[PDB]
DNA sequence: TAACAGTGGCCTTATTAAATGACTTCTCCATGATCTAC
RNA sequence: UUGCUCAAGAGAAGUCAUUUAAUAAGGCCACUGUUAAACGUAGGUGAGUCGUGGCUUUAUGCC
């Protein structure tokens with residue numbers, strides 16, 4: 004319930020879809036008998052998330068991550084809501100939401 | 004409300020229209036039974052957006068991109084204010100908005 | 012009397028990666044935070060400058076309780092009991108022996144963190160272990176910053192066990208060794224290029240951070256309008272103000288400089304001459 | 012006649028780590044709490060400023076019962092029996108035996147940072163090799179200006195002339211207790227709002243306010259300005275000095291405003307001299 | 001088109017966790033012998 | 001008209017006077033984003049002010 008909670012939940016879904024896309028890209032990148040990453044890529048994503056300062060850097064990185072995720076239906080249905088949510092809101096809160104999405108993305112894969 | 008986000012939203016809309024027009028132009032460019040990529044087009048657009056180094060770069064880039072966007076109606080009734088928005092505001096904010104528009108573009112086609 | 016030497020020194024323009032933060036991942040980040048106008052500036056810790064001053068005191072002879080080994084990168088104490096009367100470093104920087132003559136000392140030098148004059152925008156340098164083989168320790172990133180640095184210090188001269196030890200401290204501030212950082216790839220000389228010193232006998236300073244930028248992405252540096260207003264309004268006695276360095280040219284190019292009260296301050300373009308005059312005044316006042 | 016000197020002073024901009032709270036684990040916790048807008052603001056305790064004033068009095072003659080040794084870092088009492096008639100310290104700051135207990139002619143409130151405290155953590159390591167439990171530590175700083183409010187009951191002083199050294203000390207405050215070695219923060223004021231009135235009603239407490247999160251412009255106020263305009267706080271009893279004068283004189287219709295006829299000096303020393311002249315005239319010194 | 005996404009070591013060392021003195025003040029009783037007035 | 005009918009626990013009182021979380025500390029040392037390439041051949045436009053002045057034949061163009 005509540006509009007803010009619904010927007011937050013479906014933004015979590017958006018971020019989880021983006022991480023699925025990025026992890027699939029990493030899977031396609033690696034070849035041969037080398038083990039593709041599962042967990043240390045999540046650690047890399049965490050390190051890149053905490054490497055953030057000011058509003059500009061984090062929003063740039065988040066937008067780049069979302070685009071690199073590729074196709075995503077949750078952002079498809081909700082353009083205005085997530086565009087406003089990302090453009091507005093403190094960047095630290097959005098980082099908290101992104102980390103919460105990271106910690107609960109894995110049931111998909 | 005607070006027409007700043009109105010300008011943000013119609014900027015996203017005209018950016019999506021322009022990228023749709025450029026993808027249509029690419030579809031015209033390709034030929035024969037080769038499948039015209041769609042995800043690779045988005046990847047190329049993101050890479051070109053990240054290729055810029057402030058002010059001159061990415062400003063003439065995005066103006067040229069919008070020009071090749073073609074007959075964009077929302078551009079036509081929103082020439083002057085979008086030009087003012089582009090002339091003002093930091094360029095990295097414009098890049099963030101463009102990346103968000105790319106991430107939320109698909110349901111058009 | 013209670014004489015204090017306050018001062019703000021501005022470094023030279025260059026690529027700096029001096030003080031870093033927690034290791035994080037593969038990218039070494041600078042120590043940065045909000046400084047002015049809500050913009051993020053890069054900082055150099057005052058402990059780094061204190062370590063550099065200690066190293067200067069050690070290199071130029073002198074008696075220092077802490078001896079930097081410089082070979083095994085270890086710190087050795089010549090005497091386990093701190094003696095501010097004998098050792099320069101104990102007298103100047105103080106000490107604190109907590110494990111269980133007084134065991135603690137307040138030190139005669141008080142520094143503040145060096146603040147980059149320019150906001151820190153981007154400036155991450157890609158680094159590779161090279162070769163054809165690749166491993167975890169192959170791709171790394173290092174943050175740098177093309178800016179001047181500016182820090183504020185104050186000396187309680189009367190607090191010194193030996194009043195003459197202030198002179199080596201001024202010499203060290205002038206010829207400062209490398210301030211802790213990645214000098215292999217980012218060699219940043221921390222020697223001053225502009226000085227605003229005040230040799231007064233009261234606690235108020237009003238010269239904390241007198242340097243401000245123009246065209247926020249440029250190397251040009253100017254005295255802040257607040258500092259000039261402070262000098263002109265009547266506060267900050269010009270006879271106690273020592274200004275030296277490359278800022279002297281800009282100060283003299285100002286209009287109505289001759290009629291300004293700032294003209295009555297001790298202004299020397301050559302830093303050595305300014306330091307010599309200031310040390311003459313200090314020796315006269317302290318009875319050295 | 013009862014005479015009171017209320018004042019709110021604003022410090023210069025700089026990095027401050029003055030009042031570490033409790034040392035939570037590895038971090039020296041800068042003292043902070045909620046303030047104004049529900050944001051966390053760093054604080055400097057009033058006892059620190061009182062200690063700084065005591066040190067100022069000790070350093071320049073001014074017989075004081077408590078003597079800060081400055082070498083053994085201990086306090087020595089010249090007379091075990093407090094005598095406010097002889098010592099500046101007992102007369103001004105009071106005492107308590109646990133007698134007479136005084137009451138204290140100087141009342142001070144905690145200094146409050148003009149800006150919210152975001153995270154401002156500084157890392158600290160000890161050289162290299164042979165690393166132990168003390169090798170790694172963190173320290174919390176704050177790059178803002180501090181602002182505190184004090185009140186003096188001049189008539190309560192045993193010797194009326196002792197108010198002048200207190201003003202001199204407030205304007206020439208020594209090191210206010212804190213990490214001076216690493217974060218040297220001068221506590222001398224760059225903006226003052228003093229009120230020398232004769233009734234126990236002050237509306238200048240914490241007048242300075244700017245918010246504008248991370249900045250240092252430090253505009254005076256809107257509620258204090260409205261208080262001056264409305265009719266109370268007569269400008270004849272108001273003394274404003276410091277860098278705030280430049281912003282005040284640049285306001286529109288300032289000449290027609292009642293704030294114009296207040297004692298406004300850009301130079302702090304000039305305003306202090308005029309105020310001390312008025313105080314000496316009023317107190318019969 | 002590729003391969004990497006840091007390798008280390010620490011995550012506080014002391015010290016003191018209250019010192020005084022007060023710990024309600026008044027009043028409102030119940031009942032029978034006796035005095036006294038009718 | 002009810003073991004009832006009537007029925008103020010009421011008046012007064014500052015938790016006070018005094019206290020620096022202080023003294024000390026380099027996130028440090030090392031790292032090439034190495035190596036190779038024919039441009040082959042065909043993708044377009046957004047916006048004022050008002051009655052002769054120095055040359056030149058009015059002409060008609062220059063400043």
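Protein chains in written order, with PDB author numbering: chain K, 4 to 112; chain J, 4 to 112; chain E, 12 to 111, 132 to 319; chain F, 12 to 109, 133 to 319. Cβ atoms here follow ideal geometry from the backbone N, Cα and C, with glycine treated the same way.
Straight-line spacing of the CA atoms in residue 197 of chain E and residue 37 of chain F works out to 34 Å. Taken through DSSP and simplified to helix, strand or coil, residue 68 of chain K comes out as helix.
In this structure, the straight-line span from the alpha carbon of residue 316 of chain E to that of residue 100 of chain E is close to 23 Å. As for any alpha helix (DSSP H) of minimum length 4 sitting wholly inside the segment 52-109 of chain K, the runs are 57-72, 76-80, 83-90, 94-106, ordered along the chain. Under the DSSP assignment, residue 107 of chain F falls outside any beta strand (DSSP E); it carries neither an H nor an E label. In this structure, J:45 is the residue among J:45, J:84, J:34 with its C-alpha nearest to the C-alpha of residue 21 of chain J.
Using a Cβ distance threshold of 8 Å, residue 150 of chain F and residue 52 of chain F count as a contacting pair. By alpha-carbon distance to residue 64 of chain J, the top candidate from J:53, J:13, J:73 is J:53. Annotation: the continuous beta strand (DSSP E) that includes residue 274 of chain F extends over 272-276. Residue 51 of chain F carries a strand assignment under DSSP once its states are collapsed to helix, strand and coil.
In its own chain, leaving out the 5 sequence neighbours on each side, no residue places its CB closer than 6 Å to the CB of residue 89 of chain K.
When 8 Å is used as the limit between beta carbons, residue 38 of chain E is near these residues of chain K: 50, 54, in chain order. The beta carbon of residue 64 of chain J does not come within 8 Å of any beta carbon belonging to chain K, so the residue lies off that interface. What residue 84 of chain F touches in chain E, judged by beta-carbon distance under 8 Å, is 133, 135, 137, going in chain order. In terms of beta-carbon proximity, residue 152 of chain F lines the interface with chain E, with at least one pair separated by less than 8 Å. Between residue 241 of chain F and residue 226 of chain F, the C-beta spacing is not below 8 Å.
Remark: C-beta atoms of residue 75 of chain F and residue 204 of chain F do not approach each other more closely than 8 Å. Considering only F:108, F:104, F:145, the residue with the shortest C-alpha distance to residue 139 of chain F is F:104. In this chain, residue 63 of chain F is not harboured by any beta strand (DSSP E); it is covered by the alpha helix (DSSP H) spanning 57-70. Near chain K, meaning a CB-to-CB distance below 9 Å, no residue of the segment 252-267 of chain E qualifies.
Residue nearest to residue 252 of chain E within the set E:63, E:16, E:23 is E:23 (criterion: CA-CA distance). Assigned with DSSP and collapsed to three states, residue 42 of chain E falls in strand. Look at the segment 163-240 of chain F and you find these whole runs of beta strand (DSSP E), each 3 residues long or longer: 170-174, 180-187, 223-231. Per DSSP, reduced to three states, the secondary structure at residue 288 of chain E is coil, with no helix or strand assignment.
Look at residue 150 of chain E here: in three-state DSSP terms it is strand. Residue contact check for residue 57 of chain K against chain E: a CB pair falls below 8 Å. Assignment of residue 20 of chain E by DSSP, reduced to helix, strand and coil, places it in the strand class. Distances from the CA of residue 17 of chain J to each of J:93, J:84, J:95, J:94 were compared; the closest alpha carbon is that of J:84. DSSP, reduced to helix, strand and coil, places residue 155 of chain E within a strand of the structure shown. Judged by beta-carbon spacing, residue 176 of chain E lies within the 8 Å limit of residue 147 of chain E, meaning their Cβ atoms are closer than that value. Taking a C-beta distance under 8 Å as the contact criterion, residue 184 of chain E and residue 208 of chain F do not qualify as a contact pair. One alpha carbon belongs to residue 65 of chain E, the other to residue 200 of chain E, and they sit about 9 Å apart.
Against chain J, the beta carbon of residue 78 of chain K has neighbours under 8 Å at 106, 107, listed in chain order.
The beta carbons of residue 98 of chain J and residue 25 of chain J sit no closer together than 8 Å. In the structure shown, the three-state DSSP call for residue 242 of chain E is strand. The straight-line gap separating the alpha-carbon atoms of residue 44 of chain F and residue 93 of chain E is approximately 39 Å.
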